[PDB]
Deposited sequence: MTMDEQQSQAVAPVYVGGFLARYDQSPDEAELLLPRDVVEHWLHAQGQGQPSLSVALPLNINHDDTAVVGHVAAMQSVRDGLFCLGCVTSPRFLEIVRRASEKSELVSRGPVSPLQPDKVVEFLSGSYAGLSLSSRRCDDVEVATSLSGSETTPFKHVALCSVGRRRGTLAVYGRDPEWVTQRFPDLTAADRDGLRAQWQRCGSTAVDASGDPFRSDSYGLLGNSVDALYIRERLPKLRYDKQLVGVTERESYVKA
């Protein structure tokens, strides 16, 4: 139930499939990207967090979070896991291939905050609901996207090979990313997603 897929959506890049992993750690793959689309304002990505090992690390953690326990704003239903994710991995970043590396491209990572602005992550239990939170997303855009997510969603088994300690390790790094909240507040304002219509914790 709470450990059910969580879709995440957002802009990977503004003009102003790929494994989904956590903070680029290639052993922390938590799902895949269901659809991608160059919308007029940027390149929108809708991903699917499907790793049960991950969702369980998260579910157990959310249960000890004060932030998560205060819940959403008003008529929205509490979703402990969807909210732990929203307050932990609040931004997206796309990684492409390089000639330098050991062996839209390499993968998509969930981060504390993205680097390019407007890369706010919006988690949800529904792909339409998620694409629906974005006012840049035209009905049309929502069509090309839905057409795709209808071919990618929830084999090699569980792709998650990190653990509880890995996540706890980078939660400390995030504490030392400067201008995190500020950048995140600029992002939700740029992209138009409010904590009144979604689970945005920033």
Checklist line | Deposited residues without C-alpha coordinates, grouped into stretches that follow sequence order | finding: 1-8, 25-55, 143-153, 205-208
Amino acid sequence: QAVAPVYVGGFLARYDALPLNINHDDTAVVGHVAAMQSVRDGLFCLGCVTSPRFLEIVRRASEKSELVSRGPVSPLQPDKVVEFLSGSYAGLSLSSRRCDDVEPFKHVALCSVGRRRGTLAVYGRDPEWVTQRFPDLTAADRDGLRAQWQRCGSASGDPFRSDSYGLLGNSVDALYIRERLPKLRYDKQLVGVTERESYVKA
From here on, numbers count along this sequence of modelled residues.
Next item on the list: Could you tell me whether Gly144 lacks coordinates in at least a third of the other compared entries whose models cover its neighbours on both sides?
Entry: no
Check: How about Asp79: is it missing in a third or more of the other compared entries?
Finding: no
Checklist line | Stretch with the greater mean C-alpha B-factor as recorded in the entry, comparing 91-99 against 76-84 | finding: 91-99
Next item on the list: Please work out which of 155-163 and 133-141 has the higher mean CA B-factor as recorded in the PDB entry.
Entry: 155-163
Next item on the list: Have a look at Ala17, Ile22, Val191, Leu184 and flag the one whose Cα has the highest B-factor in the entry.
Entry: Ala17
Check: Of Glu56, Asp26, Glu63, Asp173, which one's C-alpha B factor is largest in the deposited record?
Finding: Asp26
Next item on the list: Ordered by C-alpha B-factor within the chain, which third holds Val68? Give me lowest, middle or highest, please.
Entry: middle
Margin query: Sorting by Cα B-factor within the chain, modelled residues only, which third would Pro104 end up in: lowest, middle or highest?
Written below: highest
Next item on the list: Check where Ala34 lands among this chain's C-alpha B-factors and tell me if it's the lowest, middle or highest third.
Entry: middle
Notebook entry, point to check: Based on the entry's values, in what third of the chain does the Cα temperature factor of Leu168 lie: lowest, middle or highest?
Noted result: lowest
Note to self: For the chain shown, is the CA B-factor of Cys48 in the lowest, middle or highest third of its modelled residues?
What the structure shows: lowest
